[PDB]
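**Student:** Sequence first, structure after; it's an experimental one.
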Amino acid sequence: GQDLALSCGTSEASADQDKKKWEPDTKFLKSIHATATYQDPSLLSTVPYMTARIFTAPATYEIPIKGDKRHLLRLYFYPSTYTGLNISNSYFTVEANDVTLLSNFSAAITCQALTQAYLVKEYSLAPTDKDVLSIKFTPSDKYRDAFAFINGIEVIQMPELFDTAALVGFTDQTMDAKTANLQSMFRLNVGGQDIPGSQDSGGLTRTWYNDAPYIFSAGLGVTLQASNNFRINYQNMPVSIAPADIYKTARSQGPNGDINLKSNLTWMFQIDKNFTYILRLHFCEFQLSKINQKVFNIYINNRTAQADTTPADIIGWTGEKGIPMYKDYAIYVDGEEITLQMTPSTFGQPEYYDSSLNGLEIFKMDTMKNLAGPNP
């Protein structure tokens, strides 16, 4: 049981900048191949972006999978100039079995908003109890010359890394996420450098990005880094949750407590309205060593994630320096942003007045098997 990396409209194997091996998509199609006229300088590689499969009717890929298990699915789109196609005519839908991923999706308009040359839309699909994963591409019937296209598909089997999340508005409300279909919206290494997929845990090849572009607060904090002899004690936590490089850097508020108290450390993100999101906050304390040295509040969208008499204390939760952990929080959104905020807590008079975060993932959950939002 090996994983798949299909470089779509190609006839033979290729390797990307990370010399990750790709293979052709031909075996799995249940069509037209095109090569993009133009190589944009922002591409990290030729593979799998330069080549595409073009659908003018509905088309289905069927991948053999173990439907017992959850899967990571990536769709790689390169909206560029192709001979005899106007990429501004591309509007289509994509479904993965019963889940709707994309709808009236314009790769062209999306990229022009995000000032990007290419998109990677990634999903985590729940166990299906179906032997095969079918991805169906459906060009829009609401535009006269619609077509669908795809540059690459990966299907990676992954462990059950989702379980429950706390609902921020409320005292006792928890949510179940083990049967949920998710879209990864942001995956950040807070206080750290970008981590390429070839450096990620569990063979999942996720990318963790630097968080600096998401700070709305005036101050950019103070970044912290552990010594590179520092070893992270995962213990029974699965290694797949995140790579150790996440836990060996953090971004904090700083050493002036008087000033810290009067401010919030603020990240904010653009998301799709009418969905519930899970915020996964990663933590590891590599400087302090005991409970009640650093104690701080967490708020998501002007509501309490952890505050009052139960604020965050990393070693309070973990019990020892160098042990990683995470907490999941859910929020429903309907206002097109998600705001994360941190400030220190006076509860228990901690030795310091600071707050710290090591990493952050934001997942979108399906409302009745649909993850599709609008175009920017």
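**Tutor:** Everything's here; your move. Numbering: from 1, shown residues only.
**Student:** middle-most residue in the chain, spatially?
**Tutor:** Closest to where the C-alpha atoms of the chain average out (CA atoms, centre = their mean) is residue 184, at 3.1 Å.
**Student:** which residues does that residue contact?
**Tutor:** Residue 184 makes contact with 122, 123, 124, 206, 361, 362, 363, according to CB atoms under 8 Å, 6 or more residues apart in numbering. Every C-beta, even on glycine, is put in place using the N, C-alpha and C of the backbone.
**Student:** go again using 10 Å as the cut-off
**Tutor:** Neighbouring residues of residue 184 by CB atoms under 10 Å, 6 or more residues apart in numbering: 72, 74, 120-124, 206-207, 361-364.
**Student:** What are the boundaries of the helices in the stretch 101-250 of the chain?
**Tutor:** Along the stretch 101-250 of the chain, the stretches classed as helices by DSSP state H, counting those that start in this stretch are 107-114, 244-247.
**Student:** Could I get these in JSON lines, plus columns for distance to residue 47 and mean neighbour count?
**Tutor:** As requested, those are exported to JSON lines (distance: least, CB to CB, whole Å; neighbours: other CB atoms under 10 Å):
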{"stretch": "helix 107-114", "distance to residue 47": "18", "mean neighbour count": "16"}
{"stretch": "helix 244-247", "distance to residue 47": "25", "mean neighbour count": "23"}
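**Student:** Out of those helices, the one nearest residue 297 is which?
**Tutor:** Closest approach to residue 297 among the helices of the stretch 101-250 of the chain is made by helix 244-247 (21.7 Å; CB to CB).
**Student:** which secondary structure elements does that closest one contact?
**Tutor:** Using 3 or more CB pairs under 10 Å, 6 or more residues apart in numbering; DSSP states H and E, the elements in contact with helix 244-247 are strand 182-189, strand 275-283, strand 325-333, strand 359-365.
**Student:** Which of these sits closest to residue 371?
**Tutor:** Once the helices and strands packed on helix 244-247 are compared by CB to CB, strand 182-189 is nearest, at 4.8 Å.
**Student:** Tell me which residues of that closest one come out buried.
**Tutor:** By 16 or more other CB atoms under 10 Å, the buried positions in strand 182-189 come out as 182, 183, 184, 185, 186, 187, 188, 189.
**Student:** Looking at those residues, spot the one nearest residue 212.
**Tutor:** Closest to residue 212, out of all of the buried residues of strand 182-189 and judged by CB to CB, is residue 188, at 9.4 Å.
**Student:** Right, I'll leave it there.
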